[PDB]
Each structure stands twice: as structure tokens, then as C-alpha cells.
Amino acid sequence: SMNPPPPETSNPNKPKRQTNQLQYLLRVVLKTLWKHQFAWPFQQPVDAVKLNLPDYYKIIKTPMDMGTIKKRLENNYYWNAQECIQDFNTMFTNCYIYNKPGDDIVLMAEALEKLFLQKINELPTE
Ligand SMILES: Cc1cc(/N=N/c2ccc(S(=O)(=O)Nc3ccccn3)cc2)cc(C)c1O
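When we follow the working numbering, the leftmost residue of the sequence shown carries the number 20, and every step to the right adds one.
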């Protein structure tokens, strides 16, 4: 199997804005996660070809990753903070669906997700 195309990151037909929450999501949340020691599995789409995971996109129908999220933020692709938060949650969920408890990658996801949730608890006002 081929990899699916990556998620769209730009769309001139989708309205754009910058909000304090979206700024925080890029500058604090994304950037903090991105530099973490456990970020590497999550910095780009899962390359099921390169990793020889033929079933990955048979199981995961809503792929998402931080590279995509970063580009969406940088492109002002999101209108609502919740769209971005949802993308992060989808990314984590995919990991938990595909992988098993105690797998290194699941422990990595848990740790990154705990940091993510901590940071979104600090989202500034609307
Ligand atoms: C979310 C997710 C990621 C993944 N594999 N991801 C990668 C990402 C990057 C590399 S890397 O080889 O470019 N960089 C590395 C590889 C190992 C340690 C540090 N950096 C390898 C696997 C595999 C699975 C199932 C999965 O559910």
C-alpha cells in the first residue's frame, strides 16, 4: 500500500483568523511538545510505507500528527481553538487505537498527552 496523502494544511476557501488561544496553541503548546524527547513519533504523518505497517491506514481512518498541526497553525487554517485541540486529541487517540498498553510508543503518547493537557489548562481567555 501507498501512504495516504497528508491532511490538508491550507485552504483559501476556509476563513482565517488569529486569536489569543490560537497564538497560545502554536507558541506555547505546540512548541513545548515539539521539543520534547518523546516528540519524534509525532512530528510527521506515520510513514506506513517506510515503517512497513501495511495495516496502519486500514485501522486509522482519521490520521493526525504534530507536523500537520504546526503547519495548520502557521497557516491560520483553524478558526476555533477547539479545532486544533481536537487534532491533538485525534493524534493521541490514533496511537492508543493502533498500539497496545505498555508499548514504548504508548508510554510516550501518555507522557506527551499529560503535558498537552497541562498546557491547555492554561489557555488564555477568549
Ligand atoms: C505514531 C506512531 C509513529 C510511528 N513511528 N514513527 C517514527 C517517527 C520517526 C522515526 S525516525 O526514524 O525518523 N526518528 C527516530 C527514530 C527513533 C528514535 C528517535 N528518532 C521513526 C518512527 C509508529 C507508530 C506505530 C505510531 O503509532
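Don't be surprised by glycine CBs; every beta carbon is placed ideally from N, CA and C.
Residue i versus the options, residue with shortest Cα-Cα distance
{"i": "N71", "options": "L136, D122, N22 and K138", "result": "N22"}
{"i": "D123", "options": "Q56, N30 and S29", "result": "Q56"}
{"i": "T28", "options": "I79, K89, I139 and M127", "result": "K89"}
{"i": "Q37", "options": "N108, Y96, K138 and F135", "result": "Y96"}
{"i": "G86", "options": "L45, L142, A100 and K133", "result": "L45"}
{"i": "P143", "options": "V47, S20 and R91", "result": "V47"}
{"i": "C114", "options": "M127, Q137 and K77", "result": "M127"}
{"i": "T81", "options": "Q62, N94, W59 and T109", "result": "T109"}
{"i": "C103", "options": "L136, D74 and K77", "result": "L136"}
Residue i (DSSP reduced to helix, strand or coil)
{"i": "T87", "result": "helix"}
{"i": "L72", "result": "coil"}
{"i": "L142", "result": "coil"}
{"i": "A128", "result": "helix"}
{"i": "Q56", "result": "coil"}
{"i": "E27", "result": "coil"}
Bounding residues of the alpha helix (DSSP H) (the contiguous stretch that carries residue i)
{"i": "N39", "result": "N39 to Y43"}
{"i": "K77", "result": "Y75 to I78"}
{"i": "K50", "result": "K50 to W53"}
{"i": "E102", "result": "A100 to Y117"}
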